[PDB]
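To start, the structure under review is shown below, and the notes come after it.
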There are 2 protein chains.
Amino acid sequence: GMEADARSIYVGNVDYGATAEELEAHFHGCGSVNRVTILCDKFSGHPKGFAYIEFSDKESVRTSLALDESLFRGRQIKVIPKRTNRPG
Amino acid sequence: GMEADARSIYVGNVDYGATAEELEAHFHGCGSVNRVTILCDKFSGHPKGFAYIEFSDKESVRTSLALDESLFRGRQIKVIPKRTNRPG
């Protein structure tokens, strides 16, 4: 829901070989993670997918923003709050 | 939405090392896959997570039911229609 979403980030430029363990490991230093959701629309060739990371605390979202443009599995990831293009 | 959900299955007993490519490969014979969603609540130790597979055609859901109790990454998976515990 909206409260879980307020504690979540969108992570762009994720590939079809990414695992939840790898993603949690990348964001571990930002704080405790409740849930990792990976959404893939391509399963071979050029990838097409993203993830949501739901943190336990809201302050971890702000912290995680420093990981925008960081290298994850050899690709620069995009990190924004999950509710960015949503009212509030 | 409800129409995407009607073309989707829930897959239980998925672990934090599962990839979308592996999951699509397991269900490939059932028909074309639109999207794989992996949802993990544990990232080490005993796993806790599941997935949704959204097929291109609704008939692929029925076909995929034969994969209930099949071995995926060394574990017996649970396959049910995504809207099972939902009205319709």
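In the structure tokens, each chain is lettered A, B, ... as it comes, each chain's residues begin at 1, and ligands are numbered from 1 in order of appearance.
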
Open item on the list: Near chain A, meaning an atom within 12 Å, which residues of chain B appear when counting only C-alpha atoms? Write them as a PyMOL selection string.
Closed with: chain B and resi 14-28+32-45+47-56

Please write the residues from the selection above to a file, keeping C-alpha atoms, as a PDB file, in the first residue's frame.
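Once everything was written out, this is out.pdb:
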```pdb
ATOM      1  CA  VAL B  14      10.683 -19.715  -4.907  1.00  0.00           C
ATOM      2  CA  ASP B  15      14.082 -18.791  -3.313  1.00  0.00           C
ATOM      3  CA  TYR B  16      16.097 -15.571  -3.193  1.00  0.00           C
ATOM      4  CA  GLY B  17      18.542 -16.861  -5.878  1.00  0.00           C
ATOM      5  CA  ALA B  18      15.804 -17.370  -8.542  1.00  0.00           C
ATOM      6  CA  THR B  19      16.085 -15.209 -11.721  1.00  0.00           C
ATOM      7  CA  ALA B  20      13.336 -14.134 -14.180  1.00  0.00           C
ATOM      8  CA  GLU B  21      15.245 -15.893 -16.987  1.00  0.00           C
ATOM      9  CA  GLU B  22      15.161 -19.223 -14.988  1.00  0.00           C
ATOM     10  CA  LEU B  23      11.485 -18.857 -14.243  1.00  0.00           C
ATOM     11  CA  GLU B  24      10.565 -18.023 -17.848  1.00  0.00           C
ATOM     12  CA  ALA B  25      12.699 -21.009 -18.991  1.00  0.00           C
ATOM     13  CA  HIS B  26      10.695 -23.312 -16.614  1.00  0.00           C
ATOM     14  CA  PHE B  27       7.331 -22.118 -18.024  1.00  0.00           C
ATOM     15  CA  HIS B  28       8.417 -21.582 -21.650  1.00  0.00           C
ATOM     16  CA  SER B  32       4.683 -16.941 -24.484  1.00  0.00           C
ATOM     17  CA  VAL B  33       5.387 -15.050 -21.208  1.00  0.00           C
ATOM     18  CA  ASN B  34       4.728 -11.283 -20.906  1.00  0.00           C
ATOM     19  CA  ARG B  35       6.121 -10.581 -17.476  1.00  0.00           C
ATOM     20  CA  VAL B  36       7.806 -12.342 -14.569  1.00  0.00           C
ATOM     21  CA  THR B  37       7.457 -10.794 -11.091  1.00  0.00           C
ATOM     22  CA  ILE B  38       9.534 -12.194  -8.228  1.00  0.00           C
ATOM     23  CA  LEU B  39       8.603 -11.169  -4.669  1.00  0.00           C
ATOM     24  CA  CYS B  40      11.110 -12.092  -1.877  1.00  0.00           C
ATOM     25  CA  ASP B  41      10.710 -11.455   1.835  1.00  0.00           C
ATOM     26  CA  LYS B  42      13.929 -13.287   2.909  1.00  0.00           C
ATOM     27  CA  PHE B  43      17.399 -12.804   1.340  1.00  0.00           C
ATOM     28  CA  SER B  44      19.463 -15.401   3.261  1.00  0.00           C
ATOM     29  CA  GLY B  45      18.875 -18.503   5.392  1.00  0.00           C
ATOM     30  CA  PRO B  47      13.875 -18.617   1.865  1.00  0.00           C
ATOM     31  CA  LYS B  48      10.473 -16.886   1.794  1.00  0.00           C
ATOM     32  CA  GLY B  49       9.107 -15.754  -1.560  1.00  0.00           C
ATOM     33  CA  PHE B  50       6.974 -16.339  -4.603  1.00  0.00           C
ATOM     34  CA  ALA B  51       6.487 -15.207  -8.203  1.00  0.00           C
ATOM     35  CA  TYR B  52       3.805 -14.258 -10.714  1.00  0.00           C
ATOM     36  CA  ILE B  53       4.071 -15.296 -14.342  1.00  0.00           C
ATOM     37  CA  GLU B  54       1.899 -13.324 -16.714  1.00  0.00           C
ATOM     38  CA  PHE B  55       1.317 -15.196 -19.954  1.00  0.00           C
ATOM     39  CA  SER B  56       0.375 -13.613 -23.295  1.00  0.00           C
TER      40      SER B  56
END
```

Open item on the list: Using DSSP secondary structure from the backbone, list all strand (DSSP E) positions within chain A, as a PyMOL selection string.
Closed with: chain A and resi 8-12+33-40+49-55+71-72+75-76+78-81

- [ ] Kindly give the distance, in Å, that separates CA of residue 5 (chain A) and CA of residue 86 (chain A), rounded to a single decimal.
- [x]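 For CA of residue 5 (chain A) relative to CA of residue 86 (chain A), the distance reads 10.3 Å.
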
All in-order C-alpha pairs, least squares, chain A moved onto chain B. Output the fitted coordinates as an mmCIF file with C-alpha atoms, in the first residue's frame, please.
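Printed below is result_31.cif as written:
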```cif
data_model
loop_
_atom_site.group_PDB
_atom_site.id
_atom_site.type_symbol
_atom_site.label_atom_id
_atom_site.label_comp_id
_atom_site.auth_asym_id
_atom_site.auth_seq_id
_atom_site.Cartn_x
_atom_site.Cartn_y
_atom_site.Cartn_z
ATOM 1 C CA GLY A 1 -5.039 -5.358 -13.787
ATOM 2 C CA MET A 2 -7.761 -8.001 -13.530
ATOM 3 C CA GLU A 3 -7.262 -9.016 -17.208
ATOM 4 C CA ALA A 4 -3.427 -9.370 -16.786
ATOM 5 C CA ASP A 5 -4.186 -11.309 -13.550
ATOM 6 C CA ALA A 6 -6.558 -13.699 -15.441
ATOM 7 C CA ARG A 7 -3.543 -14.541 -17.680
ATOM 8 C CA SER A 8 -1.246 -15.037 -14.645
ATOM 9 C CA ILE A 9 -0.202 -17.767 -12.263
ATOM 10 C CA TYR A 10 1.116 -17.635 -8.717
ATOM 11 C CA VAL A 11 4.271 -19.759 -8.238
ATOM 12 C CA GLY A 12 5.098 -20.657 -4.608
ATOM 13 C CA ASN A 13 8.286 -21.981 -2.975
ATOM 14 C CA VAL A 14 10.683 -19.715 -4.907
ATOM 15 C CA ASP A 15 14.082 -18.791 -3.313
ATOM 16 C CA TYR A 16 16.097 -15.571 -3.193
ATOM 17 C CA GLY A 17 18.542 -16.861 -5.878
ATOM 18 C CA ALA A 18 15.804 -17.370 -8.542
ATOM 19 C CA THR A 19 16.085 -15.209 -11.721
ATOM 20 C CA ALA A 20 13.336 -14.134 -14.180
ATOM 21 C CA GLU A 21 15.245 -15.893 -16.987
ATOM 22 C CA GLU A 22 15.161 -19.223 -14.988
ATOM 23 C CA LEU A 23 11.485 -18.857 -14.243
ATOM 24 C CA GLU A 24 10.565 -18.023 -17.848
ATOM 25 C CA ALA A 25 12.699 -21.009 -18.991
ATOM 26 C CA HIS A 26 10.695 -23.312 -16.614
ATOM 27 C CA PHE A 27 7.331 -22.118 -18.024
ATOM 28 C CA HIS A 28 8.417 -21.582 -21.650
ATOM 29 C CA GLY A 29 6.695 -24.663 -22.979
ATOM 30 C CA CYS A 30 3.321 -23.420 -21.582
ATOM 31 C CA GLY A 31 3.312 -20.471 -23.987
ATOM 32 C CA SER A 32 4.683 -16.941 -24.484
ATOM 33 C CA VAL A 33 5.387 -15.050 -21.208
ATOM 34 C CA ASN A 34 4.728 -11.283 -20.906
ATOM 35 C CA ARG A 35 6.121 -10.581 -17.476
ATOM 36 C CA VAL A 36 7.806 -12.342 -14.569
ATOM 37 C CA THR A 37 7.457 -10.794 -11.091
ATOM 38 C CA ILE A 38 9.534 -12.194 -8.228
ATOM 39 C CA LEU A 39 8.603 -11.169 -4.669
ATOM 40 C CA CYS A 40 11.110 -12.092 -1.877
ATOM 41 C CA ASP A 41 10.710 -11.455 1.835
ATOM 42 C CA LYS A 42 13.929 -13.287 2.909
ATOM 43 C CA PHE A 43 17.399 -12.804 1.340
ATOM 44 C CA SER A 44 19.463 -15.401 3.261
ATOM 45 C CA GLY A 45 18.875 -18.503 5.392
ATOM 46 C CA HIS A 46 15.558 -20.237 4.862
ATOM 47 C CA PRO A 47 13.875 -18.617 1.865
ATOM 48 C CA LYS A 48 10.473 -16.886 1.794
ATOM 49 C CA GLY A 49 9.107 -15.754 -1.560
ATOM 50 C CA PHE A 50 6.974 -16.339 -4.603
ATOM 51 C CA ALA A 51 6.487 -15.207 -8.203
ATOM 52 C CA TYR A 52 3.805 -14.258 -10.714
ATOM 53 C CA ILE A 53 4.071 -15.296 -14.342
ATOM 54 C CA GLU A 54 1.899 -13.324 -16.714
ATOM 55 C CA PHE A 55 1.317 -15.196 -19.954
ATOM 56 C CA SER A 56 0.375 -13.613 -23.295
ATOM 57 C CA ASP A 57 -2.703 -15.892 -23.651
ATOM 58 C CA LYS A 58 -5.154 -17.074 -21.000
ATOM 59 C CA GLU A 59 -5.024 -20.761 -22.241
ATOM 60 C CA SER A 60 -1.354 -20.899 -21.099
ATOM 61 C CA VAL A 61 -2.547 -20.622 -17.428
ATOM 62 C CA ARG A 62 -4.490 -23.909 -17.656
ATOM 63 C CA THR A 63 -1.513 -25.551 -19.452
ATOM 64 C CA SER A 64 0.917 -24.365 -16.693
ATOM 65 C CA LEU A 65 -1.148 -26.016 -13.926
ATOM 66 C CA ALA A 66 0.537 -29.316 -14.962
ATOM 67 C CA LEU A 67 3.789 -27.745 -13.519
ATOM 68 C CA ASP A 68 2.384 -27.684 -9.975
ATOM 69 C CA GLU A 69 4.740 -29.819 -7.769
ATOM 70 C CA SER A 70 7.437 -29.774 -10.477
ATOM 71 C CA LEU A 71 11.054 -29.294 -9.343
ATOM 72 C CA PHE A 72 12.394 -25.763 -9.890
ATOM 73 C CA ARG A 73 15.886 -25.046 -8.548
ATOM 74 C CA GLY A 74 15.697 -28.270 -6.491
ATOM 75 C CA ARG A 75 12.364 -27.381 -4.814
ATOM 76 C CA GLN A 76 8.800 -28.494 -5.526
ATOM 77 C CA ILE A 77 6.891 -25.429 -6.671
ATOM 78 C CA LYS A 78 3.206 -24.673 -6.084
ATOM 79 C CA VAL A 79 1.326 -23.470 -9.250
ATOM 80 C CA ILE A 80 -2.182 -21.916 -8.961
ATOM 81 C CA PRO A 81 -4.044 -19.232 -11.004
ATOM 82 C CA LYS A 82 -3.142 -15.767 -9.584
ATOM 83 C CA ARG A 83 -6.781 -14.788 -8.911
ATOM 84 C CA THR A 84 -7.561 -18.184 -7.106
ATOM 85 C CA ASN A 85 -8.495 -16.528 -3.730
ATOM 86 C CA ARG A 86 -10.292 -13.577 -5.517
ATOM 87 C CA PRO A 87 -13.999 -13.383 -6.801
ATOM 88 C CA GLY A 88 -14.356 -14.764 -10.424
#
```

Could you find all residues in chain B that DSSP calls alpha helix (DSSP H) from the backbone, and write them as a compact mmCIF listing (two decimals) with N, CA and C atoms, in the first residue's frame?
```txt
# COMPACT_ATOMS: atom_id res chain seq x y z
N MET B 2 -7.00 -6.75 -13.59
CA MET B 2 -7.76 -8.00 -13.53
C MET B 2 -7.60 -8.87 -14.78
N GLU B 3 -7.48 -8.25 -15.96
CA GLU B 3 -7.26 -9.02 -17.21
C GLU B 3 -5.83 -9.64 -17.29
N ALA B 4 -4.81 -8.86 -16.91
CA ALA B 4 -3.43 -9.37 -16.79
C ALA B 4 -3.37 -10.51 -15.75
N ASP B 5 -4.13 -10.33 -14.66
CA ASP B 5 -4.19 -11.31 -13.55
C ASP B 5 -4.86 -12.65 -13.97
N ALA B 6 -5.89 -12.55 -14.83
CA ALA B 6 -6.56 -13.70 -15.44
C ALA B 6 -5.62 -14.50 -16.35
N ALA B 20 14.48 -14.18 -13.24
CA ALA B 20 13.34 -14.13 -14.18
C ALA B 20 13.62 -15.03 -15.40
N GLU B 21 14.86 -15.03 -15.87
CA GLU B 21 15.24 -15.89 -16.99
C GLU B 21 14.99 -17.41 -16.67
N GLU B 22 15.33 -17.82 -15.44
CA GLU B 22 15.16 -19.22 -14.99
C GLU B 22 13.70 -19.55 -14.91
N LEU B 23 12.93 -18.65 -14.32
CA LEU B 23 11.49 -18.86 -14.24
C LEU B 23 10.79 -18.91 -15.60
N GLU B 24 11.12 -17.97 -16.49
CA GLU B 24 10.57 -18.02 -17.85
C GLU B 24 10.96 -19.34 -18.51
N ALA B 25 12.23 -19.74 -18.37
CA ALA B 25 12.70 -21.01 -18.99
C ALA B 25 11.85 -22.20 -18.48
N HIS B 26 11.51 -22.21 -17.18
CA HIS B 26 10.69 -23.31 -16.61
C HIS B 26 9.29 -23.38 -17.20
N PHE B 27 8.71 -22.22 -17.49
CA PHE B 27 7.33 -22.12 -18.02
C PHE B 27 7.21 -21.88 -19.51
N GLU B 59 -5.07 -19.28 -22.16
CA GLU B 59 -5.02 -20.76 -22.24
C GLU B 59 -3.72 -21.31 -21.64
N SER B 60 -2.66 -20.51 -21.68
CA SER B 60 -1.35 -20.90 -21.10
C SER B 60 -1.43 -21.11 -19.57
N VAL B 61 -2.37 -20.45 -18.90
CA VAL B 61 -2.55 -20.62 -17.43
C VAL B 61 -2.92 -22.07 -17.13
N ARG B 62 -3.98 -22.54 -17.80
CA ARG B 62 -4.49 -23.91 -17.66
C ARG B 62 -3.36 -24.90 -17.94
N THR B 63 -2.66 -24.69 -19.07
CA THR B 63 -1.51 -25.55 -19.45
C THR B 63 -0.48 -25.64 -18.30
N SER B 64 -0.12 -24.48 -17.72
CA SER B 64 0.92 -24.37 -16.69
C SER B 64 0.59 -25.08 -15.38
```
